[PDB]
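requesting a structural model of the entry that follows:
(2 chains, ligands or ions: 2)
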Amino acid sequence: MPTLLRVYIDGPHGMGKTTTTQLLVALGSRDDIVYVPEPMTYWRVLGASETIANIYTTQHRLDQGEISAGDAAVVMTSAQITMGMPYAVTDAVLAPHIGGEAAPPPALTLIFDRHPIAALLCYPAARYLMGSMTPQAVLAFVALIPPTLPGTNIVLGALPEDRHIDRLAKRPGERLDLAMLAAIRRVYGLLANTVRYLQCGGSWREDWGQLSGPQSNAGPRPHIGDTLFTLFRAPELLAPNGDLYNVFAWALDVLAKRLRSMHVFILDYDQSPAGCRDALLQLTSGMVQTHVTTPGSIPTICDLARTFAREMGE
Amino acid sequence: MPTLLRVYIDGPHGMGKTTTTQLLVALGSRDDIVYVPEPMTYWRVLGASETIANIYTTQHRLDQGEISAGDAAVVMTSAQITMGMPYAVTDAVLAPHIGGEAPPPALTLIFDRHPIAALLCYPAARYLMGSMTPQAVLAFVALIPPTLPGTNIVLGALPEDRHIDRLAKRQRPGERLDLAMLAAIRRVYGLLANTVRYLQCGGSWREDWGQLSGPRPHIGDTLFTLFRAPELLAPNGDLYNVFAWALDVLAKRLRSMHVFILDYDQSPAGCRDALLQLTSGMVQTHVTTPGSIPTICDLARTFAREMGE
Ligand SMILES: Cc1c(C=C(CO)CO)[nH]c(=O)[nH]c1=O
Ligand SMILES: Cc1c(C=C(CO)CO)[nH]c(=O)[nH]c1=O
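Numbers count the residues shown, from 1 in each chain, chains lettered A, B, ... in the order given. Ligands and ions are numbered 1, 2, ... in the order given. Structure data below:
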């Protein structure tokens, strides 16, 4: 069977992900690489009206005390549903086409602007740190993360906070929120550590007690306090006896299952756009390909990505 | 490897679903059958405060014009997330234990509801009540977990008048008696049964889609008819692809489910007997590990103890 390479470019907004990706895509022949872009049209028009603006306005009014935490949370939870829909359907339609992990060049490379976990985990977790989502709703999103397909390569981004702030403070409906920037940077850092922790054999249930008061593909096993598991020692989630309610513990089991089979890479964005492109190109050499399940899978997948791009891209 | 029988008791609430199942659970051995009950404690306390109350109060305020459709929709959407969480975690932890199709089962696992109740049926009913956008409904649909082998779902049959009578006598905490919601949820579940049949007899929604504007049910009698919603269509009338893919997901998830209808228009002991009768045609699966069976038992009783009333 012909092989496929799937690459999800993810991480905090404002690092140059979209630019780097387009530059990579520009290197290939028309139909040996396809881009699944940010579905900004879904977010702005098709799924609901100006969702990004809604999110940033709701946080602002919370921060100004014009609305309650409860009001903010129902809006953020609803908006996140809308935000995540295109990632979820794409994953669901792709799934039956993906075979086992498989090296000769892939017949097709599919690059995505973000993985479903961005909207079903990372942004919710950050909004929780911002006080605008409950940890129960974050764990409800986690419970809904789809099974992790073979050959899930995720590229996360590294960038010094100062450079990141500057790059953001220049270049939707977004507002310049440094607290949110810190939160989402923390969350993606925890994410990278979580994958490495799991792949190094870490068992969150075994280490849960070590809680009280980044890189993957490399390094020693992180402490559980430097992983996503640390976010869920919240009093809302704990029984009177001090333990996690089982319903929430099962959600963390799901979190561990979903993240542990992912292949995570870190891209250094602190360079020129062409620099990021070539760094990303070199990085793909260590990435995991898969077989597809049918002969016609490749052109089908190609049609799906282009259809997506046309309808939901800017 | 030992065999498992999973049975999801579902359908509109207020038919006597809960009474029927608890009687049945009390006929078989303490540990050849386990009941995963309604996660009412999650809904009222663990996940959020009085989610049911929240849901019915929001719809009431909408009906009275005290809040906008947009306001109601964000609340209904968030609430449905809370409502379905125990079903979704349960499915996700159970999923690796389920093997292929498979003589009595080593274990019978009876659930109060399937994840589609909260990820499809109640959202679609609220759409019909003007309190959820069809885009949010399709987002929930996109997240319906893959349908595992042996997914046996029991739906209810009950005349509307009798249903109103039963419902009135067993309101849940915070619930309001809403005949419009009763009709919406009854219609959604009727369309669901038809949809499974339509799909199983080889119906293709894309091929029949034109019929909504111009041997199996007519597509106008399935859930697909709900998604002719104008919010989902381009200026030229075409369904946006992103919504069409969500319908492809809906089709895939539903066609492999095994539906059984339970007539609730009888006595509780009768309902119990009828449910036991329905089991002979249900599909069993193997489990995947020697340890799967006791792990499942442990999950089920823990769920019950922590989240059941
Ligand atoms: C994916 C995602 C985003 C991403 C961006 C674009 O990078 C807009 O903030 N923002 C948000 O608030 N929630 C989300 O799920
Ligand atoms: C499952 C479910 C219900 C059902 C019950 C009673 O079975 C509680 O209202 N009600 C609701 O409003 N949303 C839901 O997802």
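
can we go C-alpha only for contacts and neighbour counts from here?
Will do.

excluding chain neighbours, what is closest to the residue of the stretch 101-250 of chain A found nearest ligand 2?
For the stretch 101-250 of chain A and ligand 2, the shortest gap (CA to the nearest ligand atom) falls at residue A:140, measuring 13.3 Å. Distance criterion CA to CA, 6 or more residues apart in numbering or on different chains; nearest residue to residue A:140, sequence neighbours excluded, is residue B:85 at 5.2 Å.

what helix or strand is that neighbour located in?
Applying DSSP states H and E as the criterion places residue B:85 in helix B:69-94.

now for that helix, which elements pack on it?
If you count contacts as 3 or more CA pairs under 8 Å, 6 or more residues apart in numbering or on different chains; DSSP states H and E, helix B:69-94 packs onto helix A:69-94, helix A:135-143, helix A:246-260, helix B:51-63, helix B:122-128.

with mean neighbour count as new columns, can these be given to me in JSON lines?
Formatted as JSON lines, those follow (neighbours: other CA atoms under 10 Å in any protein chain shown):
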{"stretch": "helix A:69-94", "mean neighbour count": "22"}
{"stretch": "helix A:135-143", "mean neighbour count": "25"}
{"stretch": "helix A:246-260", "mean neighbour count": "20"}
{"stretch": "helix B:51-63", "mean neighbour count": "19"}
{"stretch": "helix B:122-128", "mean neighbour count": "24"}
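
so which of those helices gets nearest ligand 1?
helix A:69-94 (5.0 Å).

show me which residues of chain A sit near ligand 1.
For chain A, the contact set with ligand 1 under CA under 6 Å from any ligand atom comprises A:13, A:80, A:83, A:84, A:118, A:119, A:123.

which residues does residue A:172 contact?
A:44, A:50, A:52, A:53 (CA atoms under 8 Å, 6 or more residues apart in numbering or on different chains).

farthest-apart pair in those residues, please.
A:44 and A:53 (8.7 Å; CA to CA).

so which residue is smack in the middle of chain A?
residue A:118 (2.8 Å; CA atoms, centre = their mean).

surely that one meets residue A:10?
Yes. Counting by CA atoms under 8 Å, residue A:10 is a contact partner of residue A:118 at 7.3 Å.

contact partners of stretch A:206-219?
So stretch A:206-219 is contacted by A:189-190, A:192-193, A:195-196, A:224-225, A:230, A:233, A:263-266 (CA under 8 Å, 6+ apart).

repeat that for 10 Å
The contact list for stretch A:206-219 (CA atoms under 10 Å, 6 or more residues apart in numbering or on different chains) reads A:156-158, A:186, A:188-197, A:199-200, A:204, A:222-227, A:229-230, A:233, A:243-244, A:263-266.

contacts only, for the residue in the stretch 151-300 of chain A that chain B sits nearest to.
Nearest residue of the stretch 151-300 of chain A to chain B (CA to the nearest CA) works out as residue A:251 at 6.0 Å. By CA under 10 Å, 6+ apart, the residues touching residue A:251 are A:136, A:138-144, A:257, B:85-86, B:88-90, B:92-93.

swap in 6 Å and give it another go.
Neighbour list for residue A:251: A:139, A:143, B:89 [criterion: CA atoms under 6 Å, 6 or more residues apart in numbering or on different chains].

swap in residue A:291?
Residue A:291 sits in contact with A:1, A:3, A:99, A:100, where contact means CA under 6 Å, 6+ apart.

ok, what's across the strand from the second one?
If I follow you right, that is residue A:3. Per DSSP bridges, the residues bridged to residue A:3 are residue A:291.

how about the contacts made by it?
By CA under 6 Å, 6+ apart, the neighbours of residue A:3 are A:106, A:107, A:290, A:291.

wait, what's in contact with the third one?
It stands for residue A:290. So, once contact is read as CA under 6 Å, 6+ apart, residue A:290 ends up touching A:3, A:4, A:99, A:100, A:101, A:102, A:151.

mind running it again at 8 Å?
A:3, A:4, A:5, A:98, A:99, A:100, A:101, A:102, A:150, A:151.

same deal with the second one?
By CA under 8 Å, 6+ apart, the residues touching residue A:107 are A:2, A:3, A:4, A:32, A:298.

roughly how far does the first one sit from chain B?
Going back to what we said before, that points to residue A:2. Distance, residue A:2 to chain B, using CA to the nearest CA, to the nearest Å: 24 Å.

for that residue, grab phi and psi.
Main-chain torsions, residue A:2, degrees, to the nearest 10: phi -60, psi 150.

quick check, it in contact with residue A:103.
No. Between residue A:2 and residue A:103 no contact is recorded; they are 11.6 Å apart, counting by CA under 8 Å.

who touches both of those two?
With CA under 8 Å, 6+ apart, residue A:2 and residue A:103 have no common neighbours.
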